[PDB]
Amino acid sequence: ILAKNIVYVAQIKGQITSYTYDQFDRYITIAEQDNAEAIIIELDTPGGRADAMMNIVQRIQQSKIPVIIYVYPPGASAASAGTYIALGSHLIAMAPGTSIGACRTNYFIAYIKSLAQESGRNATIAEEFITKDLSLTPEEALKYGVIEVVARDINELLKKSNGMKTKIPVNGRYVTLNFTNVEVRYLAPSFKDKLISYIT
């Protein structure tokens, strides 16, 4: 026979809107319901410094399982509200060839700085995202302590995150990721998701 821990993977491409929050909620909900070891959101977001964001961030922070924001596929970028979402998550991995930061108020600074500090990721850089239109390369990003992992695909990501400690608690406890006997389940975007899209 056979059996193991589950990891869910879901994409979230395009601009972040009020409709986005519902997606995060769906995916993270499904994952929570099955006690997934974690969930990876492959995230490629490009522009319009939104606000549905901190509602998403609250979502993540209150999630009952780790949420890994993976800025993938190559060419993807996480900007404006992307980068908040990420800085507020439990782990940030990045595929080579992607970016993070701003694409090419003091309130917002206060905010990015906050997100960074509570997850021990570099807040001086965080600020510079907003105050210098900074854009990091996964390697620079990792050097500077903004992200935790650089991975070419889901599988590297799993191997490299294995055993790493969550950067912010998961329901009060810091968790050590154990992707040792894991099964990955791919979740696809719904039909409304699908349409509410092209129509944008």
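Note that residue numbering follows the sequence shown and begins at 1.
Enquirer: Report, from the record, the number of residues in the deposited sequence between residue 104 and residue 105 that have no coordinates, as none, 1 to 3, 4 to 9, or 10 or more.
Expert: Gap size class: 10 or more residues without coordinates, per the record.
Enquirer: Identify the stretch, either 186-194 or 8-16, whose C-alpha atoms have the larger mean B-factor according to the entry.
Expert: The stretch with the larger average C-alpha B-factor is 186-194.
Enquirer: Look over 48-56 and 167-175 in the entry and identify the one with the greater average Cα temperature factor.
Expert: Between 167-175 and 48-56, it is 48-56 that shows the higher mean C-alpha B-factor.
Enquirer: Tell me which of 42, 139, 156, 34 tops the list for C-alpha B factor in the record.
Expert: 34 has the highest C-alpha B-factor of those listed.
Enquirer: Based on what the PDB entry reports, which of 108, 129, 84, 72 has the top C-alpha B-factor?
Expert: Going by the entry's C-alpha B-factors, 108 comes out highest.
Enquirer: Residue 77: which third of its chain by C-alpha temperature factor?
Expert: It belongs to the middle third of the chain when residues are ordered by C-alpha B-factor.
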